[PDB]
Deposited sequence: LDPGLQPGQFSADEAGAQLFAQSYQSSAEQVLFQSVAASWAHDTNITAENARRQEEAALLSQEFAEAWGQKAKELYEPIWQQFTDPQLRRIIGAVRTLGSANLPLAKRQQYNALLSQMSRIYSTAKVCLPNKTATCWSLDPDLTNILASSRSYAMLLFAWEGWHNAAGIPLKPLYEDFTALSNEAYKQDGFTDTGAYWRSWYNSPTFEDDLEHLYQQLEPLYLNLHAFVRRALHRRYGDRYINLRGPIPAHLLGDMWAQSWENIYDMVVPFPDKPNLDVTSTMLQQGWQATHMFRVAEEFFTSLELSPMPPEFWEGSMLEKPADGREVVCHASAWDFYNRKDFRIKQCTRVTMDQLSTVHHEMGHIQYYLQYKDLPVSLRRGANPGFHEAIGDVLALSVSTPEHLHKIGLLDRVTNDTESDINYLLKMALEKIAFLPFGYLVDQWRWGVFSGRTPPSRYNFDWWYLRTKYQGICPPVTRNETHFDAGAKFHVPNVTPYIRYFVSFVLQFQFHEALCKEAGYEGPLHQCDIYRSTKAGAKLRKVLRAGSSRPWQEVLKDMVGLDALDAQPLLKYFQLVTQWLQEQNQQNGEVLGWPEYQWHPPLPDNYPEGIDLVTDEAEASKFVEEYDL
């Protein structure tokens, strides 16, 4: 480690620790930037060499965290928890958490390299036929979204899960062991316990379970209503009205949101098509237009536009030069207060417009807290970060707003168009809730040892059936590693943040709509051009992680905890309607035939 990055001598008291923190975060900006820069070069251009360079940067980051962590324990380990400055206590507590810098050098290299190889496998895996080959994005994504051929959907689902998951499993086992070894030396029972510590809530898991209990009836009724529609399309042979739904039939490779089968379950197909994708294509929208439209929503709230460095440096379309890239959408802070970027293989669809807003919400956060010391350049918690752009997307998706931006002819404020809209939104938001909850239940069990390699897939499908009420459409065994076929697992991105975000965003929406002076139904609110709403949001974003998220949340919504009531209030009308439809059709809520799996299509896979 270069001498200019190594820690100096400071007095072992709070005054000295304030200077210590200043010195730490001036040198951390330089180290963070070289790490982020090298990850960018790899993720937009996957090669062996860019992997080598990203690993050299990670090693340097670990030398740096080691030097400053040790010094902080040396100087302040007995005293810092009694510092009177609460922001300083946060910074010091973070610095003395070394994570993978606790590993000896050779295990640092093995850990850094497992990450590179798992990333490569996920983002370069292909599904080949009997002879070109399909990538996840756009090819398999488009098939899962738009094909209504059971056998084609099956070939894509099985092909993807086999191609990504199987080769990842031995690597994922090795990564898990090294991660745990590292964080045990910070005092955590396992890596999962460290991830959970970010929410600074002793009742976190209980609080999440309580939340899910209030939401599950909504999901169960949505599930039964959709299962009935799939039964009509595919037949009693492939759909069991009292069993789990085959996992390839819900419009999405992971069955995690169902908006792509809206056209199949829309009760009132005579009414205007609330999926404006066709109009977007008709009108010639491109990725740049989508990002500019999102930007203008932010500036309408008097938040910040995207800076020149964003437009010059971001990757907004999949490269056509054949380069391999990580296509999964992501947002990047280079910790130099100047460079901020999105990397997204943008497609022209309505759901991609929502994802553009999701990613730009991250950038806005970065811009609002870029002048905090680096340790506070974080969401109040990770769920806050994932929620920001989704909140704006809630306003954008209203038929009123879509009409304002030229994507929909005005609809009638009647009950039936209301039901169409809330149902489309339920397919996007309610259907996700079980998946957002279960992914880290699986991963926490892996980190804790409750789920050894011998049960990776057994416990994954236990949770997928328990929570989502789906089943694999072909037999699986422990050679398969179906959790590995979901980006965040090999790319080691925690997931409970998305469950938190999907609850939180309705708490935020309700607060911002009240602040805008809106007084109609919550699900028709559009906060566009509300400078009052923008001001309330700006307060959150500029706080970073300098204050406890419970306090930041109370300032914003009036309450110091996650709360399902705003989401329930948003969906109330369709919650009731779905309950009624299910009763009239005599549905069974849930999936009591929990063992059921569909048969294979005749002659599969030969007829394609």
(message) Relative to the deposited sequence, which regions have no modelled C-alpha positions in the structure?
(response) 131-133, 612-629
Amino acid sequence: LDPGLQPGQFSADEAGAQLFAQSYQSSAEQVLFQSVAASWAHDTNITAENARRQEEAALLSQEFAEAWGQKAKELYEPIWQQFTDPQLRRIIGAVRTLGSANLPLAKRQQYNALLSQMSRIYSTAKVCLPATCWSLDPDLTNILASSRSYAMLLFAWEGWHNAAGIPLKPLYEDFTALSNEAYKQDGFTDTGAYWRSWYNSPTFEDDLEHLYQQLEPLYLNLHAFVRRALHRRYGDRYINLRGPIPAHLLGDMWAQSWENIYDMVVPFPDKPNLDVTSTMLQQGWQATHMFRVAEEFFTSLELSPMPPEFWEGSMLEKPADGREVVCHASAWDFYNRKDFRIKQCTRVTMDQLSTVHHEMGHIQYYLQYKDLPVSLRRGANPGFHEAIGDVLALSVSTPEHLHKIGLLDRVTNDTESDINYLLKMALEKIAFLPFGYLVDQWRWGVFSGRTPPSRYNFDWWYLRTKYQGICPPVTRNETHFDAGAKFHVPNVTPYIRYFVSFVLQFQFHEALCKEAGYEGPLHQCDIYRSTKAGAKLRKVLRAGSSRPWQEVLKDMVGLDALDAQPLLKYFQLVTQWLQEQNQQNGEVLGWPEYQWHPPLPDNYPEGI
From here on, numbers count along this sequence of modelled residues.
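By rigid core we mean the largest C-alpha set that fits within 1.5 Å across both forms.
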(message) Please tell me which region, 406-414 or 221-229, has C-alphas lying farther from the displayed form on average in 6 other deposited structures of this protein, with superposition done on the core.
(response) 406-414
(message) Core-aligned, RMS over all structures and residues: is 86-94 or 293-301 the stretch with the greater C-alpha displacement in 6 other deposited structures of this protein?
(response) 86-94
(request) Please confirm whether residue 241, modelled here, goes without coordinates in at least one third of the other compared entries that cover both its neighbours. (result) no
(request) Compare the other PDB entries of this protein and indicate whether residue 131 is left unmodelled in at least a third of them. (result) yes
(request) Check the entry's C-alpha temperature factors for 416-424 and 73-81, then say which stretch has the higher mean. (result) 73-81
(message) When the Cα temperature factors in the entry are averaged, is it 401-409 or 483-491 that ends up higher?
(response) 401-409
(message) If I read the C-alpha B-factors straight from the PDB entry, which of 341, 497, 323, 476 is highest?
(response) 323
(request) Quick one: which of 456, 332, 437, 234 shows the highest Cα temperature factor in the PDB entry? (result) 234
(message) Quick check on the deposited entry: does the C-alpha B-factor of residue 594 sit in the lowest, middle or highest third of its chain?
(response) lowest
(request) Going by the recorded CA B-factors, say which third of the chain residue 452 sits in, lowest, middle or highest. (result) lowest
(request) Select lowest, middle or highest to describe the third in which the CA B-factor of residue 102 falls within its chain in this entry. (result) middle
(request) Would you mind ranking residue 351 by its C-alpha B-factor against the rest of the chain and naming the third, lowest, middle or highest? (result) lowest
(message) Splitting the chain's C-alpha B-factors into thirds, which one does residue 296 fall into?
(response) lowest
